[PDB]
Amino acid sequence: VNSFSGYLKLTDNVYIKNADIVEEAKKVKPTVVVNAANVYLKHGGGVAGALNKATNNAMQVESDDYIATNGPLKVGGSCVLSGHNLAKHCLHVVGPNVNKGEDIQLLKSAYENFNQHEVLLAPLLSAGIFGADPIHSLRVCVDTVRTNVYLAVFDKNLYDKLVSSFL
């Protein structure tokens, strides 16, 4: 038993809710919240900009130190940093950005990072401003992640479409 509430169950291990991931994280304080990061951990907009804003920019300060020490992430890669006031940990995961021409096959590699964590609160990778089809992203998530994932979808219209088209 865990504290996630109001989710629709899609599969044995994947759940979905129309929710603002920032507000969901603030209430649940999950062990892991996933950020839709870029390789530079520049949290300007989308999910990343919203998560970072909710931390009063502490996520960005920590991220800049991480990059100064380690250099950029790989597309499809991840790093674990603090969850600040939102979660114990933040798993920063880089899905491919279609608006940068990155290979969509890397979306599966991105979701594989989730398997290193037993339970996660997450957005759909490569959705939103990353330009991928969220229905495809949901399919890859279901077919790749084996650990327990609670997907927060900000847009109600999109959430209803994801549920109604789910196979």
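Start at 1 and count along the sequence shown; that's the residue number.
Two stretches are in play, 1 to 9 and 158 to 166, and the higher mean C-alpha B-factor belongs to 1 to 9.
Between 60 to 68 and 101 to 109, it is 101 to 109 that carries the larger average Cα temperature factor according to the deposited entry. Looking at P30, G46, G131, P123, the one whose CA carries the top B-factor in the deposited record is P30.
Remark: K26 belongs to the highest third of its chain, ranked by C-alpha B-factor as recorded. In this PDB entry, the Cα temperature factor of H92 sits in the bottom third of its chain's modelled residues, the lowest group.
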